[PDB]
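Next up: a single chain in structure tokens, the form deposited in one PDB entry.
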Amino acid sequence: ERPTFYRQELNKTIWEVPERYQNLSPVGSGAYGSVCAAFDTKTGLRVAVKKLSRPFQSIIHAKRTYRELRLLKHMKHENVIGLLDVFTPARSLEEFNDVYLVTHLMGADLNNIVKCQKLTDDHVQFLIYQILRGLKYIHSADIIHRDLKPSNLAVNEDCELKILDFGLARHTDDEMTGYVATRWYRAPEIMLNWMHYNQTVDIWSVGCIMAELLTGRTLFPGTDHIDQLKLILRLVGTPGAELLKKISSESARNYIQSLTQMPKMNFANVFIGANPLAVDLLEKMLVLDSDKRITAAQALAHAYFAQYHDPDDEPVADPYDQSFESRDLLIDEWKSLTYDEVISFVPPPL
């Protein structure tokens, strides 16, 4: 069933892709590999084609390659990036070395947007509604994005939004230090390693994004981890003894308790002019104790979204088996798992 491939030197590496993809032009590179824009003549879509870099370099790398593929093959939702295609030029596992992933080319992310208009309240409603719709789906599969931020949200011209990327297992300590948007949207329990985290970290991020859509300004633009914590605690208040019990590290608790206690601030006085219902939702998202945060399913039924809420058009995901995340396998074994997922790919009927 193999299409014909053709070769092209492109960025700095030789790209070998099926002839259906035409007019490749590099758009970005990095550590993960390299991306090219192309025209998929078989579907009429503008697509991003990513050539993985060093996919089976190490056991960690090989497992991360498999995780990304499993994750992308699974996502089938209007507000989440899906996989249009995945291919390798190799004809057998023995000659398998390269993986190419094909997705929708997305132009504008939420960043490009908060920076060229004061979103109307109805714009903010619709954007956050879609994020939570995608998050309800993602979380129903027990997937945690872990890295929600404006740059991870694609928004076309009709204001339709897609969640992109997913935190695979990247984030170096250096990329998280200082005055960087890579840390401004992260829940404090993840930020400071307080406890075992769960899907409620993503709702914290949504609260930060929503606040920024409403004000046009970063909610918690800390200059470092500790500065950012003080900004957080000044808004939401210092922890009480109940949340302190749940912080696993004696040292984090010990530092926490060094701080002068502070009451939670009045959000109506912080978000001046905002829809009282937006303020209300923000108060339920931006709760220090993650156990007490609103969930995505609960937030969709919040009155702030009455315009868009449709309980019969907020689907959940098929089961997603992540047992592989606990397996220790050799490089060759992850690679073979990945090859099986490549050759079993079924294009979307879309």
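Between two forms, the rigid core is defined as the largest C-alpha subset superposing within 1.5 Å. Residue numbers here begin at 1 and follow the sequence given.
Beyond the structure shown, there is the form solved in complex with a small molecule, which is absent from this document and is the topic of what follows.
Undergrad: Can any non-hydrogen atom of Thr103 be found within 4.5 angstroms of the small molecule in the deposited bound form?
TA: Yes, contact at 4.5 Å.
Undergrad: How about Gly107 - does it come within 4.5 Å of the small molecule in the deposited bound form, if we only consider non-hydrogen atoms?
TA: So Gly107 counts as contacting the small molecule.
Undergrad: Quick check on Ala48: any heavy atom within 4.5 Å of the small molecule in the deposited bound form?
TA: Yes, contact at 4.5 Å.
Undergrad: In the deposited bound form, does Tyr32 have a heavy atom within 4.5 Å of the small molecule?
TA: Yes, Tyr32 sits close enough to the small molecule in the deposited bound form that at least one of its heavy atoms falls within 4.5 Å.
Undergrad: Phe220, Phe166, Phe87, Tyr129: which sits within 4.5 Å of the small molecule in the deposited bound form by any heavy atom?
TA: Of the candidates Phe220, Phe166, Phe87, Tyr129, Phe166 is the one lying within 4.5 Å of the small molecule in the deposited bound form.
Undergrad: State the residue from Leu72, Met210, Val279, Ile203 whose non-hydrogen atoms include one within 4.5 Å of the small molecule in the deposited bound form.
TA: So the residue touching the small molecule in the deposited bound form, by this definition, is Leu72.
Undergrad: Given a cut-off of 2 Å on Cα movement between this form and the one not shown, rigid core as reference, pick the single residue from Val316, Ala306, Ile60, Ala31 that exceeds or meets it.
TA: Among the listed residues, the one whose C-alpha moves by 2 Å or more is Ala31.
Undergrad: Report the direction of the Cα distance change between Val99 and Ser29 in the deposited bound form, compared with the displayed form, as closer or farther; the change is 3 Å or more.
TA: Farther: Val99 and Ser29 separate by 3 Å or more in the deposited bound form.
Undergrad: How does the CA gap of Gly30 and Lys335 change in the deposited bound form versus this form, closer or farther, if it moves 3 angstroms or more?
TA: Those two alpha carbons end up farther apart in the deposited bound form.
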